[PDB]
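Step one of this worksheet: look at the structure below.
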Amino acid sequence: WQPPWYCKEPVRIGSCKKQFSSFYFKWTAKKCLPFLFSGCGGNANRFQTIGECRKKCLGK
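Following PDB author numbering from start to finish, the sequence shown increments by one per residue and tops out at 60.
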């Protein structure tokens, strides 16, 4: 198994000024990890639930 491309993008908190609990795939550790998203200016390596992250990035 290899993850899709967006799971390999670096975590991006972005440029806005708020906080939203999120998950990203740290592909070098093959784990879905929590992070705080600012609310805009992110990238595609962001998921609302750890399950959605595992489904897309691990194929679970």
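Heads up, the beta-carbon is just placed ideally off N, CA and C, and yes, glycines get one too.
If I measure Cβ to Cβ from residue i and keep anything under 6 Å in the same chain, skipping five residues before and after, which residues do I get?
i      : result
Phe-47 : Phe-23 and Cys-53
Helix, strand or coil for residue i, going by three-state DSSP, please let me know.
i      : result
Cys-40 : coil
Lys-18 : coil
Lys-26 : strand
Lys-60 : coil
Have a look at residue i and residue j and give me their C-alpha separation to the nearest angstrom.
i      : j      : result
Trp-5  : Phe-25 : 11 Å
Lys-31 : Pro-10 : 13 Å
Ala-44 : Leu-36 : 14 Å
Once you ignore the five residues that flank residue i on each side, which residues in its own chain have a CB closer than 8 Å to its CB?
i      : result
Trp-1  : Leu-58 and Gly-59
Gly-39 : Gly-14, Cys-16, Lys-17, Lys-18, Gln-19 and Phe-20
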